[PDB]
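A.B. asks: I'm passing along input-v7.cif; it holds mmCIF, N, CA and C atoms.
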```cif
data_protein
#
loop_
_atom_site.label_atom_id
_atom_site.label_comp_id
_atom_site.auth_asym_id
_atom_site.auth_seq_id
_atom_site.Cartn_x
_atom_site.Cartn_y
_atom_site.Cartn_z
N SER Q 1856 0.90 -1.23 0.00
CA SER Q 1856 0.00 0.00 0.00
C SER Q 1856 0.91 1.23 0.00
N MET Q 1857 0.32 2.42 0.15
CA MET Q 1857 1.07 3.67 0.14
C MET Q 1857 2.25 3.81 1.13
N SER Q 1858 3.47 3.92 0.58
CA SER Q 1858 4.69 3.91 1.38
C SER Q 1858 4.94 2.52 2.13
N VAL Q 1859 4.42 1.44 1.60
CA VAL Q 1859 4.61 0.09 2.21
C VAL Q 1859 4.84 -0.88 1.08
N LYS Q 1860 6.13 -1.22 0.89
CA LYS Q 1860 6.53 -2.06 -0.23
C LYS Q 1860 7.12 -3.35 0.20
N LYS Q 1861 6.66 -4.49 -0.38
CA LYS Q 1861 7.39 -5.76 -0.36
C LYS Q 1861 8.82 -5.58 -0.86
N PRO Q 1862 9.76 -6.40 -0.40
CA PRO Q 1862 11.15 -6.32 -0.89
C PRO Q 1862 11.30 -6.48 -2.43
N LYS Q 1863 12.24 -5.71 -3.03
CA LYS Q 1863 12.44 -5.69 -4.51
C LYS Q 1863 13.07 -7.01 -5.09
N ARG Q 1864 12.23 -7.95 -5.55
CA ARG Q 1864 12.66 -9.04 -6.49
C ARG Q 1864 13.43 -8.51 -7.75
N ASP Q 1865 14.65 -9.03 -7.98
CA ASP Q 1865 15.54 -8.46 -9.00
C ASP Q 1865 15.03 -8.91 -10.39
N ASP Q 1866 14.56 -7.95 -11.16
CA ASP Q 1866 14.02 -8.23 -12.51
C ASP Q 1866 14.94 -7.79 -13.65
N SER Q 1867 16.20 -7.48 -13.33
CA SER Q 1867 17.05 -6.71 -14.29
C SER Q 1867 17.55 -7.58 -15.47
N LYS Q 1868 17.59 -8.89 -15.21
CA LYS Q 1868 17.95 -9.90 -16.19
C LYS Q 1868 16.78 -10.62 -16.89
N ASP Q 1869 15.57 -10.20 -16.59
CA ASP Q 1869 14.36 -10.90 -17.11
C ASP Q 1869 14.36 -10.86 -18.65
N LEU Q 1870 14.64 -9.70 -19.24
CA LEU Q 1870 14.69 -9.55 -20.73
C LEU Q 1870 15.64 -10.55 -21.41
N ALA Q 1871 16.86 -10.63 -20.91
CA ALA Q 1871 17.82 -11.61 -21.38
C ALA Q 1871 17.44 -13.05 -21.19
N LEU Q 1872 16.91 -13.36 -20.03
CA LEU Q 1872 16.48 -14.69 -19.77
C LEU Q 1872 15.22 -15.12 -20.65
N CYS Q 1873 14.24 -14.22 -20.77
CA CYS Q 1873 13.08 -14.55 -21.69
C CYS Q 1873 13.57 -14.77 -23.16
N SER Q 1874 14.55 -13.95 -23.57
CA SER Q 1874 15.17 -14.07 -24.90
C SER Q 1874 15.87 -15.45 -25.08
N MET Q 1875 16.58 -15.94 -24.05
CA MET Q 1875 17.17 -17.27 -24.07
C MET Q 1875 16.16 -18.36 -24.13
N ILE Q 1876 15.11 -18.26 -23.32
CA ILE Q 1876 14.06 -19.23 -23.41
C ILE Q 1876 13.42 -19.29 -24.85
N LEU Q 1877 13.16 -18.14 -25.38
CA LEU Q 1877 12.48 -18.00 -26.68
C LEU Q 1877 13.38 -18.65 -27.72
N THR Q 1878 14.72 -18.40 -27.63
CA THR Q 1878 15.70 -19.04 -28.56
C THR Q 1878 15.62 -20.53 -28.52
N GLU Q 1879 15.52 -21.10 -27.33
CA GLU Q 1879 15.43 -22.49 -27.14
C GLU Q 1879 14.13 -23.04 -27.74
N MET Q 1880 13.03 -22.31 -27.58
CA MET Q 1880 11.75 -22.73 -28.17
C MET Q 1880 11.85 -22.65 -29.71
N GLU Q 1881 12.43 -21.57 -30.25
CA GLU Q 1881 12.63 -21.41 -31.70
C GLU Q 1881 13.41 -22.56 -32.37
N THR Q 1882 14.35 -23.16 -31.64
CA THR Q 1882 15.25 -24.17 -32.19
C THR Q 1882 14.80 -25.59 -31.86
N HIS Q 1883 13.71 -25.78 -31.12
CA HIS Q 1883 13.17 -27.07 -30.85
C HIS Q 1883 12.64 -27.69 -32.16
N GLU Q 1884 12.82 -29.00 -32.34
CA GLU Q 1884 12.41 -29.59 -33.60
C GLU Q 1884 10.93 -29.56 -33.84
N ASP Q 1885 10.13 -29.55 -32.78
CA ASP Q 1885 8.71 -29.47 -32.87
C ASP Q 1885 8.15 -28.01 -32.92
N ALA Q 1886 8.98 -27.04 -33.10
CA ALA Q 1886 8.55 -25.64 -33.14
C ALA Q 1886 7.90 -25.29 -34.49
N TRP Q 1887 8.06 -26.15 -35.52
CA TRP Q 1887 7.64 -25.74 -36.89
C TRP Q 1887 6.20 -25.24 -37.05
N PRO Q 1888 5.19 -25.76 -36.32
CA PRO Q 1888 3.86 -25.12 -36.47
C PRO Q 1888 3.71 -23.71 -35.98
N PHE Q 1889 4.72 -23.21 -35.21
CA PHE Q 1889 4.60 -22.03 -34.32
C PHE Q 1889 5.54 -20.90 -34.69
N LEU Q 1890 6.39 -21.11 -35.67
CA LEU Q 1890 7.44 -20.17 -36.01
C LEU Q 1890 6.95 -18.87 -36.62
N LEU Q 1891 5.91 -18.97 -37.43
CA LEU Q 1891 5.32 -17.85 -38.15
C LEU Q 1891 3.83 -17.77 -37.91
N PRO Q 1892 3.22 -16.60 -38.16
CA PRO Q 1892 1.79 -16.50 -38.05
C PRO Q 1892 1.05 -17.44 -39.04
N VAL Q 1893 -0.03 -18.02 -38.55
CA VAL Q 1893 -0.91 -18.84 -39.39
C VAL Q 1893 -1.42 -17.92 -40.48
N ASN Q 1894 -1.41 -18.43 -41.72
CA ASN Q 1894 -1.82 -17.62 -42.88
C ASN Q 1894 -3.37 -17.61 -42.92
N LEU Q 1895 -3.92 -16.48 -42.53
CA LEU Q 1895 -5.37 -16.33 -42.39
C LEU Q 1895 -6.12 -16.37 -43.71
N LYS Q 1896 -5.42 -16.14 -44.82
CA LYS Q 1896 -6.05 -16.25 -46.16
C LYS Q 1896 -6.12 -17.70 -46.56
N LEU Q 1897 -5.16 -18.52 -46.10
CA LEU Q 1897 -5.08 -19.88 -46.57
C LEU Q 1897 -5.56 -20.94 -45.64
N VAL Q 1898 -6.00 -20.61 -44.41
CA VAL Q 1898 -6.41 -21.65 -43.45
C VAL Q 1898 -7.81 -21.36 -43.03
N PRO Q 1899 -8.76 -22.05 -43.70
CA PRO Q 1899 -10.17 -21.89 -43.37
C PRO Q 1899 -10.46 -22.07 -41.89
N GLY Q 1900 -11.27 -21.18 -41.37
CA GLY Q 1900 -11.75 -21.26 -39.99
C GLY Q 1900 -10.93 -20.42 -39.02
N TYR Q 1901 -9.64 -20.20 -39.37
CA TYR Q 1901 -8.67 -19.72 -38.33
C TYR Q 1901 -8.98 -18.35 -37.85
N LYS Q 1902 -9.27 -17.48 -38.82
CA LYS Q 1902 -9.57 -16.08 -38.52
C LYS Q 1902 -10.76 -15.90 -37.60
N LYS Q 1903 -11.83 -16.65 -37.88
CA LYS Q 1903 -13.04 -16.53 -37.08
C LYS Q 1903 -12.97 -17.16 -35.72
N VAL Q 1904 -12.34 -18.32 -35.67
CA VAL Q 1904 -12.29 -19.07 -34.47
C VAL Q 1904 -11.26 -18.57 -33.46
N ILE Q 1905 -10.07 -18.18 -33.95
CA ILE Q 1905 -8.91 -17.87 -33.01
C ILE Q 1905 -8.84 -16.36 -32.89
N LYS Q 1906 -9.37 -15.90 -31.79
CA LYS Q 1906 -9.59 -14.46 -31.63
C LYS Q 1906 -8.27 -13.70 -31.46
N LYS Q 1907 -7.27 -14.36 -30.86
CA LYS Q 1907 -5.97 -13.72 -30.68
C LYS Q 1907 -4.83 -14.61 -31.17
N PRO Q 1908 -4.53 -14.55 -32.47
CA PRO Q 1908 -3.43 -15.35 -32.99
C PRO Q 1908 -2.10 -14.93 -32.38
N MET Q 1909 -1.22 -15.92 -32.15
CA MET Q 1909 0.11 -15.60 -31.62
C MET Q 1909 1.05 -16.70 -32.14
N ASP Q 1910 2.30 -16.32 -32.34
CA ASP Q 1910 3.34 -17.21 -32.89
C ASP Q 1910 4.72 -16.72 -32.32
N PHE Q 1911 5.75 -17.55 -32.47
CA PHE Q 1911 7.04 -17.22 -31.93
C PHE Q 1911 7.70 -16.01 -32.57
N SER Q 1912 7.54 -15.82 -33.89
CA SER Q 1912 8.09 -14.61 -34.53
C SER Q 1912 7.52 -13.30 -34.04
N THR Q 1913 6.24 -13.30 -33.73
CA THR Q 1913 5.50 -12.17 -33.25
C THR Q 1913 5.91 -11.89 -31.78
N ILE Q 1914 6.11 -12.96 -31.01
CA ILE Q 1914 6.65 -12.78 -29.63
C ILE Q 1914 8.06 -12.20 -29.70
N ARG Q 1915 8.90 -12.73 -30.61
CA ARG Q 1915 10.28 -12.22 -30.74
C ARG Q 1915 10.31 -10.73 -31.10
N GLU Q 1916 9.46 -10.31 -32.01
CA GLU Q 1916 9.38 -8.88 -32.38
C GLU Q 1916 8.91 -8.01 -31.18
N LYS Q 1917 7.88 -8.49 -30.47
CA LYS Q 1917 7.36 -7.78 -29.31
C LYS Q 1917 8.48 -7.67 -28.22
N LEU Q 1918 9.23 -8.75 -28.00
CA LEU Q 1918 10.31 -8.80 -27.02
C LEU Q 1918 11.43 -7.78 -27.39
N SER Q 1919 11.79 -7.77 -28.65
CA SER Q 1919 12.85 -6.92 -29.18
C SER Q 1919 12.51 -5.42 -29.19
N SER Q 1920 11.26 -5.02 -29.07
CA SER Q 1920 10.80 -3.66 -29.24
C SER Q 1920 10.12 -3.11 -27.99
N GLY Q 1921 10.41 -3.75 -26.82
CA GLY Q 1921 9.82 -3.26 -25.54
C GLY Q 1921 8.38 -3.30 -25.38
N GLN Q 1922 7.72 -4.31 -26.00
CA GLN Q 1922 6.27 -4.37 -25.89
C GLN Q 1922 5.74 -5.36 -24.79
N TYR Q 1923 6.68 -6.00 -24.11
CA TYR Q 1923 6.32 -6.73 -22.83
C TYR Q 1923 6.69 -5.90 -21.57
N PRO Q 1924 5.68 -5.49 -20.81
CA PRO Q 1924 6.01 -4.70 -19.62
C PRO Q 1924 6.69 -5.52 -18.56
N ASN Q 1925 6.42 -6.84 -18.50
CA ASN Q 1925 7.10 -7.66 -17.48
C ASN Q 1925 7.13 -9.14 -17.92
N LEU Q 1926 7.81 -9.98 -17.15
CA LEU Q 1926 7.99 -11.38 -17.61
C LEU Q 1926 6.63 -12.14 -17.65
N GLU Q 1927 5.59 -11.74 -16.88
CA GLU Q 1927 4.33 -12.43 -16.93
C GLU Q 1927 3.55 -12.20 -18.26
N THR Q 1928 3.65 -10.99 -18.82
CA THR Q 1928 2.96 -10.73 -20.05
C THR Q 1928 3.66 -11.56 -21.15
N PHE Q 1929 4.97 -11.79 -21.03
CA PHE Q 1929 5.71 -12.64 -22.00
C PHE Q 1929 5.17 -14.08 -21.91
N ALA Q 1930 5.08 -14.60 -20.68
CA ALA Q 1930 4.57 -16.02 -20.50
C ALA Q 1930 3.11 -16.16 -21.01
N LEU Q 1931 2.29 -15.12 -20.84
CA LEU Q 1931 0.91 -15.16 -21.33
C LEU Q 1931 0.87 -15.38 -22.86
N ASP Q 1932 1.69 -14.64 -23.59
CA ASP Q 1932 1.76 -14.81 -25.08
C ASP Q 1932 2.28 -16.19 -25.47
N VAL Q 1933 3.31 -16.70 -24.75
CA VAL Q 1933 3.81 -18.04 -25.09
C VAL Q 1933 2.63 -19.06 -24.89
N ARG Q 1934 1.96 -18.97 -23.72
CA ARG Q 1934 0.84 -19.93 -23.44
C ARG Q 1934 -0.28 -19.77 -24.46
N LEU Q 1935 -0.57 -18.52 -24.91
CA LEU Q 1935 -1.55 -18.27 -25.95
C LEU Q 1935 -1.26 -19.07 -27.22
N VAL Q 1936 0.03 -19.17 -27.61
CA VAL Q 1936 0.38 -19.99 -28.75
C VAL Q 1936 -0.16 -21.45 -28.57
N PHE Q 1937 0.04 -22.02 -27.37
CA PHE Q 1937 -0.35 -23.41 -27.16
C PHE Q 1937 -1.81 -23.63 -26.92
N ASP Q 1938 -2.43 -22.66 -26.30
CA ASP Q 1938 -3.88 -22.64 -26.12
C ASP Q 1938 -4.62 -22.51 -27.43
N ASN Q 1939 -4.13 -21.65 -28.33
CA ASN Q 1939 -4.67 -21.58 -29.68
C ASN Q 1939 -4.52 -22.90 -30.43
N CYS Q 1940 -3.35 -23.49 -30.30
CA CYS Q 1940 -3.07 -24.76 -30.98
C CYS Q 1940 -4.06 -25.86 -30.51
N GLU Q 1941 -4.31 -25.91 -29.21
CA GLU Q 1941 -5.30 -26.93 -28.68
C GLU Q 1941 -6.74 -26.66 -29.12
N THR Q 1942 -7.10 -25.39 -29.28
CA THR Q 1942 -8.42 -24.99 -29.79
C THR Q 1942 -8.69 -25.47 -31.24
N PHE Q 1943 -7.68 -25.43 -32.08
CA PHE Q 1943 -7.84 -25.68 -33.47
C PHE Q 1943 -7.41 -27.06 -33.95
N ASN Q 1944 -6.68 -27.81 -33.13
CA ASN Q 1944 -6.03 -29.01 -33.60
C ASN Q 1944 -6.41 -30.19 -32.69
N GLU Q 1945 -6.70 -31.33 -33.31
CA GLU Q 1945 -6.89 -32.55 -32.52
C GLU Q 1945 -5.58 -32.92 -31.77
N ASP Q 1946 -5.76 -33.37 -30.52
CA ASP Q 1946 -4.62 -33.98 -29.74
C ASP Q 1946 -3.84 -35.04 -30.53
N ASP Q 1947 -4.53 -35.88 -31.30
CA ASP Q 1947 -3.88 -36.94 -32.08
C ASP Q 1947 -3.63 -36.49 -33.55
N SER Q 1948 -2.84 -35.42 -33.69
CA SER Q 1948 -2.37 -34.91 -34.98
C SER Q 1948 -0.94 -34.57 -34.75
N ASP Q 1949 -0.17 -34.43 -35.79
CA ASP Q 1949 1.19 -34.03 -35.59
C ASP Q 1949 1.27 -32.63 -34.91
N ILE Q 1950 0.39 -31.73 -35.30
CA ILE Q 1950 0.48 -30.33 -34.77
C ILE Q 1950 0.01 -30.33 -33.33
N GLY Q 1951 -1.04 -31.11 -33.04
CA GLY Q 1951 -1.64 -31.23 -31.72
C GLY Q 1951 -0.59 -31.75 -30.71
N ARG Q 1952 0.13 -32.78 -31.11
CA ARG Q 1952 1.22 -33.35 -30.32
C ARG Q 1952 2.39 -32.37 -30.16
N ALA Q 1953 2.76 -31.68 -31.24
CA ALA Q 1953 3.77 -30.66 -31.18
C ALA Q 1953 3.44 -29.64 -30.12
N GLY Q 1954 2.19 -29.18 -30.05
CA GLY Q 1954 1.83 -28.16 -29.09
C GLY Q 1954 1.88 -28.61 -27.66
N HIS Q 1955 1.42 -29.85 -27.41
CA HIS Q 1955 1.65 -30.43 -26.07
C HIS Q 1955 3.08 -30.53 -25.68
N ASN Q 1956 3.96 -31.04 -26.56
CA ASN Q 1956 5.37 -31.16 -26.28
C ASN Q 1956 6.05 -29.79 -25.97
N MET Q 1957 5.74 -28.81 -26.82
CA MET Q 1957 6.29 -27.47 -26.61
C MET Q 1957 5.84 -26.78 -25.33
N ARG Q 1958 4.60 -26.98 -24.97
CA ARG Q 1958 4.06 -26.37 -23.74
C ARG Q 1958 4.82 -26.99 -22.54
N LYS Q 1959 4.88 -28.35 -22.54
CA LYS Q 1959 5.75 -29.02 -21.55
C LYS Q 1959 7.18 -28.51 -21.48
N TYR Q 1960 7.88 -28.38 -22.61
CA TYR Q 1960 9.18 -27.87 -22.68
C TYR Q 1960 9.32 -26.45 -22.11
N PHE Q 1961 8.33 -25.60 -22.47
CA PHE Q 1961 8.34 -24.21 -22.01
C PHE Q 1961 8.21 -24.14 -20.47
N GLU Q 1962 7.24 -24.87 -19.94
CA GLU Q 1962 6.87 -24.72 -18.57
C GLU Q 1962 7.98 -25.18 -17.62
N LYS Q 1963 8.72 -26.22 -18.03
CA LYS Q 1963 9.96 -26.57 -17.30
C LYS Q 1963 11.05 -25.49 -17.30
N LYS Q 1964 11.36 -24.95 -18.48
CA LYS Q 1964 12.34 -23.86 -18.57
C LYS Q 1964 11.88 -22.68 -17.73
N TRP Q 1965 10.57 -22.45 -17.69
CA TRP Q 1965 10.02 -21.29 -16.99
C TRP Q 1965 10.27 -21.42 -15.45
N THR Q 1966 9.85 -22.54 -14.90
CA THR Q 1966 10.11 -22.98 -13.53
C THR Q 1966 11.57 -23.01 -13.17
N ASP Q 1967 12.40 -23.70 -13.96
CA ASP Q 1967 13.82 -23.71 -13.72
C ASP Q 1967 14.50 -22.36 -13.74
N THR Q 1968 14.06 -21.44 -14.61
CA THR Q 1968 14.72 -20.15 -14.71
C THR Q 1968 14.30 -19.13 -13.62
N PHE Q 1969 13.03 -19.14 -13.22
CA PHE Q 1969 12.42 -18.06 -12.46
C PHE Q 1969 11.83 -18.50 -11.09
N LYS Q 1970 11.58 -19.80 -10.86
CA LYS Q 1970 10.87 -20.28 -9.64
C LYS Q 1970 11.75 -21.21 -8.77
#
```
Please go through the file and, once you have read it, give me the structure as structure tokens.
C.D. replies:
Amino acid sequence: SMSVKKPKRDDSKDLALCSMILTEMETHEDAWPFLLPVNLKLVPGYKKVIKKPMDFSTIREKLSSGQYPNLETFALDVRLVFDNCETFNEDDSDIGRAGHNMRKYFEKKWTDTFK
């Protein structure tokens, strides 16, 4: 509250660390469905159904240009990628499986780096 602050958790390396995590996700072999934005002209249903499209390239641009105010808004966009993937893709598809694997991979790096 006013003039009453919890101790300062050091956030000065968060940008660098989110960038390392993102690099690791970019280079994972199962990242291929997620590297670029889904082509809304060429994928029937996607535009109407997926209200907030997100992909790794779009996160990288946002990260590079100061558009994440803190590490939680970064994690929200990463999870949005996988939540979108589960909305549109069957669990038993190559893309569906890719998204489960990547979400697992992310959440471990997230815990190991910050928790």
A.B. asks: Find the residues near residue 1909 (chain Q): any atom within 10 Å, counting only C-alpha atoms, skip ones fewer than 2 places away on the same chain, and give them as a PyMOL selection string.
C.D. replies: chain Q and resi 1889-1893+1905-1907+1911-1914+1932-1940
A.B. asks: Please return, as number ranges by chain, all residues of chain Q that DSSP assigns to alpha helix (DSSP H) on the basis of the backbone.
C.D. replies: Q: 1869-1882, 1901-1904, 1911-1919, 1926-1943, 1949-1969
A.B. asks: For this structure, which residues satisfy the selection - the PyMOL selection byres (((chain Q and resi 1961 and name CA) around 9) and name CA) - when it is evaluated on the file as given? I want them as a PyMOL selection string.
C.D. replies: chain Q and resi 1876-1877+1879-1880+1933-1934+1956-1960+1962-1966
A.B. asks: For the selection you just gave me, I'd like the residues written to a file as a PDB file, in the coordinates of the input, keeping N, CA and C atoms.
C.D. replies:
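out.pdb was written with the following content:
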```pdb
ATOM      1  N   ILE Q1876      15.110 -18.260 -23.320  1.00  0.00           N
ATOM      2  CA  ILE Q1876      14.060 -19.230 -23.410  1.00  0.00           C
ATOM      3  C   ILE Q1876      13.420 -19.290 -24.850  1.00  0.00           C
ATOM      4  N   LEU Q1877      13.160 -18.140 -25.380  1.00  0.00           N
ATOM      5  CA  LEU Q1877      12.480 -18.000 -26.680  1.00  0.00           C
ATOM      6  C   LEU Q1877      13.380 -18.650 -27.720  1.00  0.00           C
ATOM      7  N   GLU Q1879      15.520 -21.100 -27.330  1.00  0.00           N
ATOM      8  CA  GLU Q1879      15.430 -22.490 -27.140  1.00  0.00           C
ATOM      9  C   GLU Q1879      14.130 -23.040 -27.740  1.00  0.00           C
ATOM     10  N   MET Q1880      13.030 -22.310 -27.580  1.00  0.00           N
ATOM     11  CA  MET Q1880      11.750 -22.730 -28.170  1.00  0.00           C
ATOM     12  C   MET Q1880      11.850 -22.650 -29.710  1.00  0.00           C
ATOM     13  N   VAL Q1933       3.310 -16.700 -24.750  1.00  0.00           N
ATOM     14  CA  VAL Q1933       3.810 -18.040 -25.090  1.00  0.00           C
ATOM     15  C   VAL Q1933       2.630 -19.060 -24.890  1.00  0.00           C
ATOM     16  N   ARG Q1934       1.960 -18.970 -23.720  1.00  0.00           N
ATOM     17  CA  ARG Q1934       0.840 -19.930 -23.440  1.00  0.00           C
ATOM     18  C   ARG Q1934      -0.280 -19.770 -24.460  1.00  0.00           C
ATOM     19  N   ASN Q1956       3.960 -31.040 -26.560  1.00  0.00           N
ATOM     20  CA  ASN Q1956       5.370 -31.160 -26.280  1.00  0.00           C
ATOM     21  C   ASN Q1956       6.050 -29.790 -25.970  1.00  0.00           C
ATOM     22  N   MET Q1957       5.740 -28.810 -26.820  1.00  0.00           N
ATOM     23  CA  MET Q1957       6.290 -27.470 -26.610  1.00  0.00           C
ATOM     24  C   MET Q1957       5.840 -26.780 -25.330  1.00  0.00           C
ATOM     25  N   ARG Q1958       4.600 -26.980 -24.970  1.00  0.00           N
ATOM     26  CA  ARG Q1958       4.060 -26.370 -23.740  1.00  0.00           C
ATOM     27  C   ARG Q1958       4.820 -26.990 -22.540  1.00  0.00           C
ATOM     28  N   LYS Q1959       4.880 -28.350 -22.540  1.00  0.00           N
ATOM     29  CA  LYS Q1959       5.750 -29.020 -21.550  1.00  0.00           C
ATOM     30  C   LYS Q1959       7.180 -28.510 -21.480  1.00  0.00           C
ATOM     31  N   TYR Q1960       7.880 -28.380 -22.610  1.00  0.00           N
ATOM     32  CA  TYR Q1960       9.180 -27.870 -22.680  1.00  0.00           C
ATOM     33  C   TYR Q1960       9.320 -26.450 -22.110  1.00  0.00           C
ATOM     34  N   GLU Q1962       7.240 -24.870 -19.940  1.00  0.00           N
ATOM     35  CA  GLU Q1962       6.870 -24.720 -18.570  1.00  0.00           C
ATOM     36  C   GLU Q1962       7.980 -25.180 -17.620  1.00  0.00           C
ATOM     37  N   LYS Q1963       8.720 -26.220 -18.030  1.00  0.00           N
ATOM     38  CA  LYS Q1963       9.960 -26.570 -17.300  1.00  0.00           C
ATOM     39  C   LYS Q1963      11.050 -25.490 -17.300  1.00  0.00           C
ATOM     40  N   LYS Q1964      11.360 -24.950 -18.480  1.00  0.00           N
ATOM     41  CA  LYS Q1964      12.340 -23.860 -18.570  1.00  0.00           C
ATOM     42  C   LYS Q1964      11.880 -22.680 -17.730  1.00  0.00           C
ATOM     43  N   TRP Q1965      10.570 -22.450 -17.690  1.00  0.00           N
ATOM     44  CA  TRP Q1965      10.020 -21.290 -16.990  1.00  0.00           C
ATOM     45  C   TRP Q1965      10.270 -21.420 -15.450  1.00  0.00           C
ATOM     46  N   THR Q1966       9.850 -22.540 -14.900  1.00  0.00           N
ATOM     47  CA  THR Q1966      10.110 -22.980 -13.530  1.00  0.00           C
ATOM     48  C   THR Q1966      11.570 -23.010 -13.170  1.00  0.00           C
TER      49      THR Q1966
END
```
A.B. asks: Counting only C-alpha atoms, figure out which residue out of Q:1886, Q:1900, Q:1926, Q:1952 gets nearest to residue 1872 (chain Q).
C.D. replies: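 Checking each candidate against residue 1872 (chain Q), we get Q:1926 as the closest.
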A.B. asks: With only C-alpha atoms as the counted atoms, please give the residues lying no more than 12 Å from region 1862-1871 of chain Q, apart from itself and same-chain residues fewer than 6 positions off, as a list in words.
C.D. replies: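 Here the answer would be residues 1877, 1878, 1915, 1917, 1918, 1919, 1920, 1921, 1922, 1923, 1924, 1925, 1926, 1927, 1928, 1929, 1930, 1965, 1968, 1969 and 1970 of chain Q.
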A.B. asks: If you measure from CA of residue 1955 (chain Q) to CA of residue 1967 (chain Q), what distance in Å do you get, rounded to one decimal?
C.D. replies: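 CA of residue 1967 (chain Q) lies 18.6 Å from CA of residue 1955 (chain Q).
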A.B. asks: Just give me the gap between CA of residue 1885 (chain Q) and CA of residue 1942 (chain Q) in Å, one decimal is fine.
C.D. replies: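 Pair CA of residue 1885 (chain Q) / CA of residue 1942 (chain Q) returns 18.0 Å.
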A.B. asks: How far is it from atom C of residue 1941 (chain Q) to atom C of residue 1895 (chain Q), in Å with one decimal?
C.D. replies: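 For atom C of residue 1941 (chain Q) relative to atom C of residue 1895 (chain Q), the distance reads 17.9 Å.
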